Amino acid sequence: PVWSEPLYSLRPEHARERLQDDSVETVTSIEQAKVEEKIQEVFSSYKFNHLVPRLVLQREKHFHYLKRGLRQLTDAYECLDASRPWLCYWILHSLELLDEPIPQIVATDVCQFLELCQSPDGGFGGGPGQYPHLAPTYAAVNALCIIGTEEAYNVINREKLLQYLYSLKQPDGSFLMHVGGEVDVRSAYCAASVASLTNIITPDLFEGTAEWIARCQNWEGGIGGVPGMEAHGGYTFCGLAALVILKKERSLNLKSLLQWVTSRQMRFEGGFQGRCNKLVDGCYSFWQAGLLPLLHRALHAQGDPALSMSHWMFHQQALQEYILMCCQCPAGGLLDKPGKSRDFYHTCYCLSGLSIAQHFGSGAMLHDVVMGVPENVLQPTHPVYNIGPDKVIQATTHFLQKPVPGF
């Protein structure tokens, strides 16, 4: 109909989704109200300017931003001097989602740089000559797999890598992030991710790990950093994704988990919050929403017959609307929320989340939903590794050619 608004966030009913603070004010409600007011202006701007809305993903602007960053960054990034493989990964994955090919001389230069980051005793560090650490180790491996050449694959020293993993393993099932460092759920995921991709998983590498992760699920349904802690989108993604890799999803109560994540989508904003009663943030478009494809695959393997055959169990339309209208910087790059500044982390994860929301798939069934102009459509991403599904398949196959170190 002509009177019908095709954008979900702009419909007049939508106004009913504003915060009800019951006339009791606290720090939590004051802060939530500020964001909602700021988002309402973004939604209303078309009406006040008397223009018809058009949701366009600014491919060109984002490409320039990335293409440059991949080579050189301003001193604003001094606080990331110990996280450079992360920058390689964030940027290469963004380009991959945007379907921008990687000049082969770039590929070679990335390989060589990551070699300098690799420790003599296994794993990668945050930069040349820095000690190894599981987080940059996870990023390094992912970046080389995105590149996906023989050169890239050959960078990784598999014997050492497994030695490294063993030196971090704890008797209770957990891993340290690094020697003399902290334990939390992220480290199990990092370890399971690089070990499965490179085919180095021994019979006892992950003894007790699934059980330790399961102890992190709490009374809320979600997963915390360590046993006892508040449930959070980042740790929950890591916990479930690690279990999927190990084939132990069933150790969790999948039902209370599913109820928890779906509650993390904000009724007004359309995006996701990281934990109950906090603020929406573009990066959770991946950590939170990325859980629904994982749950879908898990419940389906248990024979669940009630599952949809065309949609994930979250509002795909509304998430796309939040990202496209509120999370893009005009000059290129993406962001946390309006009023915040752009950066490569949010560029990576906002786009990753957009892809999730555009692409549904369950074996044989396949269904897309692309809001705004059709050129918005992105390349799809693997929900466990957050690299291209093809790049995953290509890598696993290649490393299955080698024997697990120690035979």
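One-based numbering along the sequence shown. Superpose the two forms; the largest set of C-alphas matching within 1.5 Å is the rigid core.
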Stretch farther from the shown model on average in 9 other deposited structures of this protein, with CA RMS computed after core superposition (66-74, 42-50): 42-50
Mean Cα B-factor comparison, 12-20 or 379-387, giving the higher one as deposited: 12-20
Segment of higher mean CA temperature factor, 52-60 or 347-355: 52-60
Residue with highest C-alpha B-factor in the PDB entry, from 269, 109, 184, 321: 109
Identity of residue with top Cα B-factor, from 133, 311, 84, 264: 311
Residue 275, C-alpha B-factor rank within chain (lowest, middle or highest third): lowest
Residue 222, C-alpha B-factor rank within chain (lowest, middle or highest third): lowest
Third of the chain, ranked by Cα B-factor, where residue 207 sits: middle
Chain-relative CA temperature factor third for residue 118: middle
Lowest, middle or highest third - CA B-factor, residue 100: highest
